[PDB]
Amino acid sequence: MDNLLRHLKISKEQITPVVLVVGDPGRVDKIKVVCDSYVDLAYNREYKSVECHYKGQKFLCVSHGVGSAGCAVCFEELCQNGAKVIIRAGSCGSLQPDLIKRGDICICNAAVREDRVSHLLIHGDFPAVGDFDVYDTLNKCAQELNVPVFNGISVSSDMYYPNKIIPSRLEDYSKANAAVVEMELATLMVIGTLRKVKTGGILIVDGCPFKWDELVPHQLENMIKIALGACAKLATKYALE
């Protein structure tokens, strides 16, 4: 303890009760934009940090790059230091081609544990599940902002480029009703459950991994405001030490 965070390279007194984590640090800037005010905090490797101010409340907006071990070090440094709520806003592909299309929004409550990091944390029998509150508040912002959302189960797969040798299960989990595929959410949920952190997550359909071989920015605008609004909503309760 002194002025730590090893990877975020921010201080432990800059960690707020609520955090919004995204993957691409250029989108920390596109979110920076719609807020009321901000404080840029640090930019180390894939990890751009920032104090966002929206509707009377402050909360970080921090990016974890692509994939679970790298995202895990970010989530881990947050909870060790005092994030109470962590919502991920990001992108995903559709596992339901003709129901979930490009630009639709899912608010996901559980995910498939297809990394390895959580498995080095807890036995794979464990659920990766978000917290209901976070999931409920996120859901009603959608409804107050009059914006359709799906809800569902996401598969957090570490293989982005499947292979000719082993069965990629994604069809398996499609037939099993999972809605979307992304890379980081199971990890968030497992760490959170372990360290007592309420997590949640919302995602915009980029594409469908099944038809790779073959505007949204409006929806992108909606999704940020649902996520910003939820963080504001959720930061309220803790505001005052």
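Numbers follow the displayed sequence, beginning with 1.
Note: missing coordinates for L188 occur in none of the other compared entries bracketing this position, so the one-third threshold is not reached. For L215, the record comparison shows coordinates absent in at least a third of the other entries of this protein that model its neighbours.
According to the record, the deposited sequence contains 4 to 9 residues between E214 and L215 that were left without coordinates. The mean Cα B-factor in the deposited entry runs higher for 34-42 than for the other of 34-42 and 168-176.
Looking at mean Cα B-factors across 138-146 and 106-114, the upper value is held by 138-146. Across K101, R88, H119, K84, the greatest Cα temperature factor reported in the deposited entry is at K101. Note on the listed residues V22, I10, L228, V19: the highest Cα temperature factor in the record is that of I10. Sort the modelled residues of the chain by CA B factor and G130 lands in the middle third.
When all modelled residues of the chain are sorted by CA temperature factor, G152 is found within the middle third. Among all modelled residues in this chain, the alpha-carbon of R27 has a temperature factor (C-alpha) in the highest third. Per-chain ranking of the deposited C-alpha B factor places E51 in the middle third. In this PDB entry, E182 carries a Cα temperature factor that places it within the middle third of its chain's modelled residues.
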